[PDB]
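See below for the structure under consideration.
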Amino acid sequence: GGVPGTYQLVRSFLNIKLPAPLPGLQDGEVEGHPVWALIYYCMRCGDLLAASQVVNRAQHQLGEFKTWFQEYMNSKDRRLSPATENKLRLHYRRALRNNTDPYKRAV
Amino acid sequence: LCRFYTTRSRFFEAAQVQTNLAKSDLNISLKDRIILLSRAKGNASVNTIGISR
Amino acid sequence: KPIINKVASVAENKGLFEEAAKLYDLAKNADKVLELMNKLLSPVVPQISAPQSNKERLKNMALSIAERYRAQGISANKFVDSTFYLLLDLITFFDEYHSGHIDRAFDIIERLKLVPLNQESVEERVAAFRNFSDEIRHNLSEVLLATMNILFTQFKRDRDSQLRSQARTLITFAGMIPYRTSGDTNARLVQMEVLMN
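Protein chains in written order, with the deposited numbering: chain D1, 284 to 390; chain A2, 1046 to 1098; chain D2, 606 to 762, 780 to 819.
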């Protein structure tokens, strides 16, 4: 039938492994799936582009995460700049150390 | 030789070798002479330390 | 003039330097504007100036204060003022260094006559460091390394003797100067000079 795009595959992967919505998810959905689940399993499959497409359709919801992620995809060795890397880590550590969305924590 | 120079940020010396080669009477095709010149042009357009603008 | 300093004074006491500068600058109190502007710049001198960063947002206000302070011929005492325009030059030195414009960045540091490059200047440059603002001595570590890494890159590209001589100069200067992270810095400086030979 043809290997579908990593995005549509992941979407057709979320259908199975989470049939019902978990009540602890955050930042809404994207085309019927939680935005953070798509980002994680896309990065897990190794297709950062497929993950960034997900981000582009949730620009308003994800807040400042867009400019941070777009830097991660650009910078080599899967590392951000110390300055920006510091900005996000402190934010996560500030009030998101224990968030009800595990996929958000992971990413 | 030019590859050695460039990795050592000696771009001007590489541009010199490439240019002379392009003007020479060695058996070099026109298209190769075009590549040599194009590289020299790039290498001479960037700073090389110890050499005047 | 008083209340603008009163309001500027408290906001200064509450670590709101970026505001206290705008307020003190509103009352044309350059003694305080440049003082605070020295504190906000020193931490960001070696940092990477990137769009919307805290460097751009501070550098661009400092330059908007440099023009308006030259076009209007305003200046604080030479201590506060000298350091303020000196940091602005260094901020340019790293903005050129982080961009790969090695030749251009080398020329700037040479003008400042802050780091000696010929053995003859070591005695006087070393004495000057003693009375330069600590907002400058703080960033001496990153300046020596960038300058060294600059000579370091230019070496891989007579001239060899000249770079080698300058390499030595930086080391002896750093050897006679007690400063921030002199341990890691003095070691790295010596290693980069060995690879040259």
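For each residue, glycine too, the CB sits at the ideal point set by N, CA and C.
| said: Any beta carbon of chain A2 sitting closer than 9 Å to that of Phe689 (chain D2)? | reply: Here residue 689 (chain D2) corresponds to residue number 84 of the third sequence, with the count starting at 1. So, not an interface residue.
| request: Find the residues of chain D2 that neighbour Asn1092 (chain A2), judging by a C-beta separation of less than 8 Å, and give them in chain order. | output: The sequence position of residue 1092 (chain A2) within the second sequence is 47, counting from 1. Simply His706, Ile707, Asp708, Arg709.
| Neighbour list for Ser658 (chain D2) in chain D1, Cβ cutoff strictly below 7 Å | For this step, residue 658 (chain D2) is matched to residue 53 along the third sequence. Here the neighbours are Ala366.
| task | Using the Cα positions of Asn1065 (chain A2) and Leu1081 (chain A2), report the straight-line distance between them to the nearest angstrom. | result | Locating residue 1065 (chain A2) in the second sequence gives position 20, counting from the first residue. Locating residue 1081 (chain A2) in the second sequence gives position 36, counting from the first residue. Looking at the two C-alpha atoms, the distance is approximately 9 Å.
| request: Please determine if the segment 702-716 of chain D2 and the segment 749-758 of chain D2 are in contact, where contact requires at least 3 C-beta pairs separated by less than 8 Å. | output: yes
| Cross-strand partners of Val313 (chain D1) (DSSP beta bridge) | Along the first sequence, read from residue 1 onward, the residue named residue 313 (chain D1) stands at position 30. According to DSSP, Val313 (chain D1) bridges with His316 (chain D1).
| query | Run through DSSP, which three-state label would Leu363 (chain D1) get? | reply | Locating residue 363 (chain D1) in the first sequence gives position 80, where the first residue counts as 1. Reduced to three states, the DSSP call for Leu363 (chain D1) is coil.
| said: Using the three-state DSSP reduction, which class does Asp739 (chain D2) fall into: helix, strand or coil? | reply: The residue given as residue 739 (chain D2) occupies position 134 in the third sequence. If DSSP states are grouped into helix, strand and coil, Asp739 (chain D2) belongs with the helices.
| request: Evaluate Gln677 (chain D2) with the Cβ neighbour count: other Cβ atoms within 10 Å of its Cβ, from every protein chain shown; 16 or more gives buried, anything less gives exposed. | output: In the third sequence, residue 677 (chain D2) corresponds to position 72, counting from 1. Its Cβ having fewer than 16 others within 10 Å, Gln677 (chain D2) is exposed.
| Would the beta-carbon of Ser746 (chain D2) fall within 9 Å of that of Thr807 (chain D2)? | Position 141 of the third sequence, counted from the first residue, corresponds to residue 746 (chain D2). Position 185 of the third sequence, counted from the first residue, corresponds to residue 807 (chain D2). For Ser746 (chain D2) and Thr807 (chain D2), yes; Cβs fall inside 9 Å.
| message | If I follow the unbroken alpha helix (DSSP H) through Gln353 (chain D1), where does it start and stop? | response | Along the first sequence, one-based indexing puts residue 353 (chain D1) at 70. 348-357 is the span of the alpha helix (DSSP H), which, as asked, contains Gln353 (chain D1).
| For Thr758 (chain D2) and chain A2, any beta-carbon pair shorter than 9 Å? | Locating residue 758 (chain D2) in the third sequence gives position 153, where the first residue counts as 1. Chain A2 contact via Cβ: present.
| task | State the DSSP-derived secondary structure class of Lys619 (chain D2), mapped to helix, strand or coil. | result | Position 14 of the third sequence, counted from the start, is the residue given in the question as residue 619 (chain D2). Coil, per DSSP.
| Do the CB positions of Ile707 (chain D2) and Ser1054 (chain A2) come within less than 9 Å of each other? | Numbered from its first residue, the third sequence carries residue 707 (chain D2) at position 102. Numbered from its first residue, the second sequence carries residue 1054 (chain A2) at position 9. The answer is yes: Cβ separation under 9 Å.
| request: Report, in whole angstroms, the separation of the C-beta atoms of residue 391 (chain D1) and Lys387 (chain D1), which I expect to be a contact under 8 Å. | output: The first residue shown for chain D1 is 284 and the last is 390, placing residue 391 (chain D1) beyond what the model contains.
| query | Near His703 (chain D2), what residues of its chain come up, given a Cβ to Cβ distance below 8 Å and the 5 sequence neighbours on each side ignored? | reply | By 1-based counting over the third sequence, the position of residue 703 (chain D2) is 98. Excluding positions up to five away in sequence, the list reads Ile653, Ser654.
| Where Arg1053 (chain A2) meets chain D2, residues with beta-carbon distance less than 7 Å | Mapped onto the second sequence, residue 1053 (chain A2) falls at position 8. Within 7 Å Cβ-Cβ: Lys761, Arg762.
| request: Tell me, to the nearest whole angstrom, how far the beta carbon of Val612 (chain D2) is from that of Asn643 (chain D2); I am working on the premise that it is less than 8 Å. | output: Locating residue 612 (chain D2) in the third sequence gives position 7, counting from the first residue. Locating residue 643 (chain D2) in the third sequence gives position 38, counting from the first residue. Between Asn643 (chain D2) and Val612 (chain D2) the Cβ distance is about 21 Å, and since that is not below 8 Å, they are no contact.
| said: Which of the three DSSP states is assigned to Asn610 (chain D2) in this structure? | reply: Translated into positions along the third sequence, residue 610 (chain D2) becomes position 5. Correct three-state label for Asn610 (chain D2): helix.
| query | Mind pulling the chain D1 residues with CB within less than 9 Å of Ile653 (chain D2)? | reply | In the third sequence, residue 653 (chain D2) corresponds to position 48, counting from 1. Near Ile653 (chain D2) (Cβ distances below 9 Å), the residues of chain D1 are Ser364, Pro365, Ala366.
| field | Contacts of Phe1056 (chain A2) in chain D2 (Cβ-Cβ under 7 Å) | value | Counted from its first residue, the second sequence places residue 1056 (chain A2) at position 11. Those are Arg762, listed as they occur along chain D2.
| field | C-alpha gap between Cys1047 (chain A2) and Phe1057 (chain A2), whole angstroms | value | Along the second sequence, one-based indexing puts residue 1047 (chain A2) at 2. Along the second sequence, one-based indexing puts residue 1057 (chain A2) at 12. Taking the straight line from one Cα to the other gives about 10 Å.
| field | C-beta neighbour in chain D2 for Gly1087 (chain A2), strict 9 Å | value | In the second sequence, residue 1087 (chain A2) corresponds to position 42, counting from 1. Judged by the 9 Å Cβ criterion, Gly1087 (chain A2) is not in contact with chain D2.
| task | Could you spell out the range, first to last residue, of the alpha helix (DSSP H) harbouring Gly797 (chain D2)? | result | Walking along the third sequence from the start, residue 797 (chain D2) turns up at place 175. Counting along the chain, the alpha helix (DSSP H) containing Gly797 (chain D2) begins and ends at 781-798.
| With distances taken between CB atoms, is the gap from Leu695 (chain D2) to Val748 (chain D2) smaller than 9 Å? | Numbered from 1 along the third sequence, position 90 holds the residue referred to as residue 695 (chain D2). Numbered from 1 along the third sequence, position 143 holds the residue referred to as residue 748 (chain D2). Contact flag set, yes.
| task | Give the range of the alpha helix (DSSP H) segment to which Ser654 (chain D2) is assigned. | result | Taking the third sequence and counting its residues from 1, the one referred to as residue 654 (chain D2) is at position 49. Run containing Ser654 (chain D2): none; DSSP gives neither H nor E here.
| message | Using a Cβ-Cβ cutoff of less than 7 Å, which residues in the same chain neighbour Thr791 (chain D2) once the five nearest sequence positions on both sides are dropped? | response | Within the third sequence, residue 791 (chain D2) is the residue found at index 169, counting from 1. For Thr791 (chain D2), where only same-chain residues beyond five positions count, the Cβ hits under 7 Å are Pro721, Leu722, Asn723, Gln724, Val727.
| Three-state secondary structure (DSSP) at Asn382 (chain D1)? | Residue numbering aside, residue 382 (chain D1) sits at position 99 when the first sequence is read from its first letter. Three-state result, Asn382 (chain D1): coil.
| task | Using three-state DSSP, classify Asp330 (chain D1) as helix, strand or coil. | result | Translated into the one-based positions of the first sequence, residue 330 (chain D1) becomes position 47. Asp330 (chain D1): coil per DSSP, three-state reduction.
| How is the alpha helix (DSSP H) around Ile670 (chain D2) delimited, first residue to last? | Counting from one through the third sequence, the residue named residue 670 (chain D2) turns up at place 65. Its alpha helix (DSSP H) spans residues 659-676.
| said: Going by DSSP in three states, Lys718 (chain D2) sits in which element: helix, strand or coil? | reply: Walking along the third sequence from the start, residue 718 (chain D2) turns up at place 113. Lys718 (chain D2) falls in the coil class under three-state DSSP.
| request: Determine the extent of the alpha helix (DSSP H) in which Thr807 (chain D2) is found, giving its start and end residues. | output: Counted from its first residue, the third sequence places residue 807 (chain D2) at position 185. Per DSSP, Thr807 (chain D2) belongs to the alpha helix (DSSP H) from 804-818.
| Once you ignore the five residues that flank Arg716 (chain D2) on each side, which residues in its own chain have a CB closer than 8 Å to its CB? | Counting from 1 along the third sequence, the entry for residue 716 (chain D2) is found at position 111. Once the five neighbours on either side are set aside, the close Cβ partners of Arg716 (chain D2) are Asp694.
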